[PDB]
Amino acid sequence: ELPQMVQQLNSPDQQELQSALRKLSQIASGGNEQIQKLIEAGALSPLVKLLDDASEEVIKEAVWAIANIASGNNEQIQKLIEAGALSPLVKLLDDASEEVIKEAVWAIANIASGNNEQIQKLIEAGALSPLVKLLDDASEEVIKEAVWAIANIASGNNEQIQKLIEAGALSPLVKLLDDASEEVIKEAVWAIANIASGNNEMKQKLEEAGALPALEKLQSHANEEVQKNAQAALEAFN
């Protein structure tokens, strides 16, 4: 049952490992009571220790599970942070395939959907720069999940939003309001709306970055659900 699967994550046979990992992912996508059993069975440390395995075949699977475990409550996110997950996840954002990175980004967004202290831990782990870089360098698919990670960071407190700005988030975000697909624009405006709820220096940084014309312009857009959200980003900007 669970302790045997956990023991198997450190197995020397790659097929029993890989099959163990897959069972664990299954459980980890089973809602918060299922996640609680993984935590209480000791799964979390060995799982995170797999983020350094030689094949991305193991790694992808371990990140997918971690993404799901971070969908749980904030106490559960906290256990993931204590098991050391942040550093290897951040490391994957530049040293791994786009396939893995999408999963890493998803994991990281969910962790950032935790409380402010947990968002602080993501920053200290150096998340902000590789996330921002993805916005210029990655496929629209990956960019869409990165923008959502960035937005969750932007819902944190003012010191946190200033760190994003320092990491260069503004111009790439502003640029996404135009030269991108409608699903990405939506994600981008939501991130900007969060920033726009900042203090007056940040608004000003927002205005400097060219945000207001882009929001005014493409409020009146084919999709009228973005109209609505573009609206509220301007209202939030005061």
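Just count from 1 along the sequence shown to find any residue number.
Across the two stretches, 143-151 and 88-96, the PDB entry reports the greater mean Cα temperature factor for 88-96.
For the pair 26-34 and 202-210, the mean Cα B-factor is higher in 202-210.
Among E166, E117, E103, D137, the highest C-alpha B-factor recorded in the PDB entry belongs to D137. Among all modelled residues in this chain, the alpha-carbon of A70 has a temperature factor (C-alpha) in the lowest third. For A62, the recorded CA temperature factor ranks within the lowest third of the chain's modelled residues.
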